[PDB]
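What follows is a single chain, given as structure tokens, in the form deposited in one PDB entry.
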């Protein structure tokens, strides 16, 4: 009956929140020093946005962000977490003698009740490629508890996409798929499944990092302004792109990364997952074309990245791209929920 349960298969939500119940997964994100340190930097450097304020922390996990809000002078912090990690968060609140300022509220942010409106919302709603997990809609949904002119940390999110050339990666995945090309695997002809194997392997986004020399054009930006957007805006995301090739060669796909900005009263702090920046636990995301497109320097590669939200808390991505000069055209579908962790 809640916004969450109507857009989410129970089976998906069970494993999703089960994953976040593990302390080792909290450690994994907390050890990302770029992510944790930049979050603390954004909050403390903008202490004026928290001093004697009312705060809501959506998906607080162990509560680290609420503790940062407390360090910045918050009057009262509501820390909403839907996994069993909420129990461990309450333990930390009591062991750090902050019961008078951090109030853990177990449950989904779409289902819990708060005693008052808040001045500012803090959260880490970013999945890999930004949009995975569909936590951004929960983050936006929480704005029902936000006073007018209330702030949000992060405030905006920039999605970047750029074409890349990586023949080794394309061959690595093509070689994997060519296992189903064998006409006599122990005497059995698999070749009929060759096509379906290619589809499956190339639907997998490749999550790892890469040298920036593989990019063949200036990135295109797609901005989500969390102060303005409605959760309905993320059900069908359409990202048009028109790249201007800076190098000639084979475009094997598009690389993705994201930045979020904490636009506070003292300064704007950026948290970037770009390949030009130190590595984070989000890495970067690349979508492979089944067949690379050939482009010349000065050519334009135009197309559209259409992200359709599914009830498994992820997106089905369709990427169509064409070299305008030759009409060479590539269409691809990706299952953002089945990534290939290559690093």
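Positions refer to the first chain, counted from 1. For the two forms, the rigid core is made up of the largest set of C-alpha atoms that agree within 1.5 Å on superposition.
Only in words, not in the display: the form deposited in another entry, which the text now covers.
- With the core fitted between the shown form and the other one, just one of 211, 189, 100, 228 shows a Cα displacement of at least 2 Å, namely 189.
- Residue 201 shows a C-alpha shift below 2 Å between the shown form and the other one [criterion: core-superposed Cα displacement of 2 Å].
- Once the rigid core is used as the reference frame, the Cα position of residue 180 differs between the shown form and the other one by 2 Å or more.
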